[PDB]
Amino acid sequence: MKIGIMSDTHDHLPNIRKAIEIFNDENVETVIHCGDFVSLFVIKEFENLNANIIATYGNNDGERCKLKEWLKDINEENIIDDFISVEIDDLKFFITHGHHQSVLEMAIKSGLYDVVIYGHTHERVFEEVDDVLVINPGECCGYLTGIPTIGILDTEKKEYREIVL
């Protein structure tokens, strides 16, 4: 019962691969991606990912419908929207690319969710506010910070841990 969390891969192929290996060498039932993958060829790398995918559109992802298609061709279960609102392992998630701050801020403040995941900032953080678990996996690419990361959330114990690439 492990869920992989990643974001802002920014076409960095090598790190996208280290991320896909790490996720496989783990249980990881599903992988959430918020960031901008950005280019279509990034999705061909994902055909090698075991887990189903839940993605969100980044403000940099230009090929929106084409991206949804390729994602599904890789697996009809995979989904991608601007905001994903779902329940997994008896926990209620709100996923989005940090992209729109007002919405992100409201999702945490509302208390309608257990876990909230976002990216955009490329600034990994992992905090708690009003019993809401707020997670930002950080930048898989490592461009702004020089520290490439991803993360893995234990659904039953509610335990998280960053993973430096």
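From 1 onward, residues are counted along the sequence shown.
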{"query": "Greater mean Cα temperature factor according to the PDB record, 140-148 or 17-25", "finding": "17-25"}
{"query": "Greater mean Cα temperature factor according to the PDB record, 33-41 or 64-72", "finding": "64-72"}
{"query": "Ranked C-alpha temperature factor of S102 among modelled chain residues, by third", "finding": "middle"}
{"query": "Within-chain third of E159 by Cα B-factor, per the entry", "finding": "highest"}
{"query": "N59 - Cα temperature factor, lowest/middle/highest third of chain", "finding": "lowest"}
{"query": "CA B-factor placement of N52, once the chain's modelled residues are sorted into thirds", "finding": "middle"}
{"query": "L112, C-alpha B-factor rank within chain (lowest, middle or highest third)", "finding": "middle"}
